[PDB]
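*Asks:* Here is my input, please return the structure:
(one chain, ligands or ions: 1)
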Amino acid sequence: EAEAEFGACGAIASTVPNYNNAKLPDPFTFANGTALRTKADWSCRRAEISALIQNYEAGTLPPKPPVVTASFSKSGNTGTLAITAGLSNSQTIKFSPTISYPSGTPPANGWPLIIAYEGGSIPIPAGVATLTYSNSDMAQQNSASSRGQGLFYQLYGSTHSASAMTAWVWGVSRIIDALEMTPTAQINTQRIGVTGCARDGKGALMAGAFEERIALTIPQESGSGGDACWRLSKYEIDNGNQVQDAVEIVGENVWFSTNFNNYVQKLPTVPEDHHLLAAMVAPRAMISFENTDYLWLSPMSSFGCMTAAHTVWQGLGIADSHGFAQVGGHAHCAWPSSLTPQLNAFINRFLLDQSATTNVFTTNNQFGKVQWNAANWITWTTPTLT
Ligand SMILES: *[C@@H]1O[C@H](CO)[C@@H](O)[C@H](O)[C@H]1NC(C)=O
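*Replies:* Numbering: from 1, shown residues only. Dropping the coordinates below:
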């Protein structure tokens, strides 16, 4: 409704004041009760999901500011992309991510690139350039003490509602803006991925969800606040698994908005969960990786959450653009070589344009004191969006 004022998607909701659902919110029904039926409907539902996530847990994601400039220099195989961002009131900040390049002549359209939060913890293939993004500089993340601290807040103000992870997303968007105006960086901006591990994996998921120029999203062992769902993690903690959950996470750090504190004890009233956050990547590609050795990561919650999110790609007819691999037997953020084929399949297909098959959806079902029962959490029937 009200398309003449708001555009093609009309008056998307940012709140649902009467919501109360202990199971997972339905991806395929808008807040107003309209059912999704077409693939185009997904674009508008994703916009509504973005507004709901910002309202309840992420804070405000500012749009591109009126000043974004960039200069590039290179020494050896290392480029430095010096970025400046500024507001209409003259306030400016600067940050300078570095890029590690393969040697020699690039492909005609430039190197594919993975934006790696704090360098990431995945093996990046030799034909893909790596941009090291210091997300902690953009928004600090030591503990609850870090609230409102970081370069982002030196631009927008320390009381700005963006969570640290939303601030990190904004920084990624500026990096891509910079790359698109800097041909000498020799990056194929149509083949950019994002990755990070642990808290930086929560960050990478947020980046892929909210920044649509990311072609491939790779969250690694992101746990609670990442590819796990709040409702499922509450079920785990109530049944004796020592998981991270919504209540603890908001006291531990600043990855979520202060407003989320008002909902962590009332999760059924939140008209979203992280299955909808992950689904915001669709129709682009994502594979996330989880580790069952650490109950803190909430293993069942990630499997159930990603199974729920997967229904969006299934409804869009592109199930193989979304992968999930969950295994045990390795240290946190250590990369197990047994998963390298799955990682490379997604990188090869979505960043390197190879005909790799990307049907990856596997778990060992090692969930501790709980089991996954899809009927207790997913109530919707996946439509075939037209
Ligand atoms: C319900 O909301 C969606 C998203 O704003 C919109 O596209 C749709 O037109 C709305 N339904 C009606 C009947 O206005």
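*Asks:* Okay, helices next: where are they in the chain?
*Replies:* Listed in chain order, the helices found in the chain under DSSP state H are 3-6, 39-53, 135-138, 151-156, 164-180, 199-210, 230-238, 246-252, 274-279, 299-315, 340-350.
*Asks:* Please state the offset of the second one from the chain centre?
*Replies:* Think helix 39-53. Shown here is helix 39-53, whose average C-alpha point lies 15 Å from the average C-alpha point of the whole chain (C-alpha atoms, centre = their mean, to the nearest Å).
*Asks:* Not counting sequence-adjacent ones, nearest residue to the residue most central in space within the chain?
*Replies:* Compute the mean C-alpha point of the chain, and by C-alpha atoms, centre = their mean the closest residue is residue 205, 1.7 Å away. Of all residues not flanking residue 205 in the chain, residue 219 sits nearest, at 4.2 Å (C-beta to C-beta, 6 or more residues apart in numbering). In short, each C-beta sits where N, CA and C put it, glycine included.
*Asks:* how about the one you found, what does it touch?
*Replies:* Applying C-beta atoms under 8 Å, 6 or more residues apart in numbering to residue 219 gives the contacts 195, 196, 201, 202, 204, 205, 208, 226, 227, 286, 288, 289.
*Asks:* One more: residue 121?
*Replies:* With C-beta under 8 Å, 6+ apart as the criterion, the residues that contact residue 121 are 195, 196, 197, 198, 220, 221, 333, 334, 335.
*Asks:* And for the closest residue to residue 191 other than its chain neighbours, the neighbour number?
*Replies:* If you skip the residues right next to it in sequence, residue 191 has residue 112 as its closest partner in space, 3.8 Å away by C-beta to C-beta, 6+ apart. Residue 112: 26 surrounding residues under other C-beta atoms under 10 Å.
*Asks:* what sits against residue 264?
*Replies:* When the contact criterion is C-beta under 8 Å, 6+ apart, the partners of residue 264 are 230, 246, 247, 249, 250.
*Asks:* do you know how far the closest residue to the ligand within the stretch 201-350 of the chain is from residue 351?
*Replies:* For the stretch 201-350 of the chain, the nearest residue to the ligand under the criterion C-beta to the nearest ligand atom is residue 271, separated by 13.1 Å. When distances are taken as C-beta to C-beta, to the nearest Å, residue 271 and residue 351 turn out to be 34 Å apart.
*Asks:* rewinding a little: next, format the contacts of residue 219 as CSV and append distance to residue 356.
*Replies:* Formatted as CSV, those follow (distance: C-beta to C-beta, whole Å):
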residue, distance to residue 356
195, 18
196, 23
201, 23
202, 27
204, 21
205, 22
208, 19
226, 25
227, 22
286, 15
288, 18
289, 17
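*Asks:* Most neighbours among these, which one is it?
*Replies:* Ranked by neighbour count under the definition other C-beta under 10 Å, the contacts of residue 219 are headed by residue 204 with 35 neighbours.
*Asks:* which residues touch that one?
*Replies:* The neighbourhood of residue 204, defined by C-beta under 8 Å, 6+ apart, consists of 117, 194, 195, 196, 217, 218, 219, 220, 222.
*Asks:* Am I right that the residue of the stretch 201-350 of the chain closest to the ligand is in contact with residue 19?
*Replies:* Yes: here residue 271 reaches residue 19: they are 4.2 Å apart, a contact under C-beta atoms under 8 Å.
*Asks:* Please identify every residue contacting each of these two.
*Replies:* Overlap between the contact sets of residue 271 and residue 19, as judged by C-beta under 8 Å, 6+ apart, is given by residue 25.
*Asks:* can you give me the strands for the stretch 1-150 of the chain?
*Replies:* Remark: strands of the stretch 1-150 of the chain, listed N- to C-terminal, are 67-75, 78-86, 92-95, 98-100, 111-117, 129-133; assignment by DSSP state E, counting those that start in this stretch.
*Asks:* Compare those and give me the one nearest residue 298.
*Replies:* Between residue 298 and those, the shortest separation by C-beta to C-beta is 20.3 Å, and it involves strand 111-117.
*Asks:* quick one: the closest one to helix 199-210, angle?
*Replies:* For strand 111-117 against helix 199-210, the angle between stretch directions is 130 degrees (axes from the mean of the first three to the mean of the last three C-alpha atoms, to 10 degrees).
*Asks:* Strand 111-117 - which strands sit beside it in the sheet, and in what orientation?
*Replies:* Looking at strand 111-117 with DSSP bridges, its partner strands are strand 129-133 (parallel), strand 187-197 (parallel).
*Asks:* Within range of the ligand, give me the residues from the chain.
*Replies:* Applying C-beta under 6 Å from any ligand atom, one finds that the chain approaches the ligand through 1, 9, 10, 11, 12, 30, 32, 34, 44, 48.
*Asks:* Buried ones among the residues you listed?
*Replies:* The neighbour-count test (16 or more other C-beta atoms under 10 Å) marks 9, 10, 12, 30, 44, 48 as buried among these.
*Asks:* Does the fifth one touch residue 12 like I think?
*Replies:* If I follow you right, that is residue 44. Yes: with contact defined as C-beta under 8 Å, residue 44 and residue 12 form a contacting pair (6.8 Å).
*Asks:* any residues in contact with both of those two?
*Replies:* With contacts defined as C-beta under 8 Å, 6+ apart, the residues shared by residue 44 and residue 12 are residue 30.
*Asks:* about what we covered before: dump the helices of the chain to TSV, plus distance to residue 125.
*Replies:* Compiled in TSV, the helices of the chain are given as follows (distance: least, C-beta to C-beta, whole Å):
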stretch	distance to residue 125
helix 3-6	42
helix 39-53	30
helix 135-138	22
helix 151-156	30
helix 164-180	19
helix 199-210	17
helix 230-238	33
helix 246-252	33
helix 274-279	24
helix 299-315	24
helix 340-350	6
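*Asks:* now, of the ones you listed, which is deepest in the fold?
*Replies:* Ranked by mean neighbour count under mean count of other C-beta atoms under 10 Å, these are led by helix 199-210, which reaches a mean of 29.
*Asks:* Endpoint to endpoint, stretch 140-149 covers what distance?
*Replies:* Start to finish, the residues bounding stretch 140-149 are 6 Å apart (C-alpha to C-alpha, to the nearest Å).
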